[PDB]
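Before any questions on how it binds or moves, here is one chain, the form deposited in one PDB entry, in structure tokens.
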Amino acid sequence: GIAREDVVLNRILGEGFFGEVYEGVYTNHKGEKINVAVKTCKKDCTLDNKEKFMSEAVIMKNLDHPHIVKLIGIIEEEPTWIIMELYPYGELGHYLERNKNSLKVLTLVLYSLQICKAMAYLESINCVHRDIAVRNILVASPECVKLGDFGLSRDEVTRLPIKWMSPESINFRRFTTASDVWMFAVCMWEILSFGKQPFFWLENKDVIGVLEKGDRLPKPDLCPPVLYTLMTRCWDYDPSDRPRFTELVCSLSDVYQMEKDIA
């Protein structure tokens, strides 16, 4: 559905692979104003690329998870626009950086559990994310985070998020649900560190050497010891020793309940 007259473009959000992404306002039947992200596609693209761009809307319309980004609509007629629901609080990493003096550890464990639930759903359909990081998570409200996949490296030199990747992904470009588990724990380290970048003290080329020797990201200051134990299991060199997301949901819910009881 959705007529173009209902959508007003306001400012450029950023540059996507296929074209610019705009911040906008969608007015529905009730006259309610919904903040939106409007994804565009270059007119001179190949039919194959126009198909790949539109495939996001065809796929995303089937996703209705509370912790996954929401598709509002698609305007098929040229210029073809994909209309995503905008989360004005923005990316979680920047949000954590701004609110570091008021955020409680229970809230950081809550966000980790919400993303784990989103990943447990993707795991159930044998899909891989391959870019799990705090920059791909949006804050719908202080009580709800939403997982997206909108990085310029994208259903599933560098370019690649080396500092978040498993050793099999860095060495052989192997990406499995087990490699997503490794990346997810790197994302949890970013959350518990209030948006710090993993391995900020190294260059990309030093990462593999450090991992092969047995070194790992240190426990963030406010990270509960039991949560850090779970992160280290996700960082096992052997992918078969990493937990599945479905079981990690159970372990994270246990940590959340443990933290709530103390709080």
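Here the rigid core means the biggest group of C-alpha atoms that line up within 1.5 Å when the two forms are laid on top of each other. Start at 1 with the first residue shown and count on from there.
Inset, instruction - Compare the other PDB entries of this protein and indicate whether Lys100 is left unmodelled in at least a third of them. - result: No: coordinates for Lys100 present in every compared entry.
Inset, instruction - Please confirm whether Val157, modelled here, goes without coordinates in at least one third of the other compared entries that cover both its neighbours. - result: Missing in at least a third of the others, so yes.
Legend entry - Residues of the deposited sequence that sit between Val157 and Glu156 yet are not modelled: Count of unmodelled residues in between: 4 to 9.
Legend entry - Unmodelled deposited residues flanked by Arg154 on one side and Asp155 on the other: 1 to 3 residues are missing.
Legend entry - Mean C-alpha temperature factor, higher of 55 to 63 and 29 to 37: Here the higher of the two C-alpha B-factor means belongs to 29 to 37.
Inset, instruction - Look up the CA B-factors in the entry and say which stretch, 39 to 47 or 203 to 211, has the higher mean. - result: The stretch with the larger mean CA B-factor is 39 to 47.
Inset, instruction - For the C-alpha B-factor as written in the entry, point me to the maximum among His129, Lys100, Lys146, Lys117. - result: Among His129, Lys100, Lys146, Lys117, the highest C-alpha B-factor in the entry belongs to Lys100.
Legend entry - Largest Cα B-factor, entry values, listed residues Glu77, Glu123, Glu85, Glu190: Comparing C-alpha B-factors across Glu77, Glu123, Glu85, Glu190, the top value belongs to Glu77.
Inset, instruction - Can you work out whether the C-alpha temperature factor of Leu160 puts it in the lowest, middle or highest third of the chain? - result: Its C-alpha B-factor, which the entry lists for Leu160, ranks in the highest third among residues of this chain.
Inset, instruction - Going by the recorded CA B-factors, say which third of the chain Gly73 sits in, lowest, middle or highest. - result: Answer is highest: the recorded C-alpha B-factor places it there.
Inset, instruction - Could you look up the Cα B-factor of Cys250 in the entry and say which third of the chain it sits in: lowest, middle or highest? - result: Within its chain, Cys250 is a middle-third residue by C-alpha B-factor, going by the deposited values.
The form deposited in another entry is left out here; the points below concern that form.
Legend entry - Of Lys196, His65, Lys50, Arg233, the one whose Cα moves 2 Å or more between this form and the one not shown after core superposition: Between the two forms, the residue that moves is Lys50.
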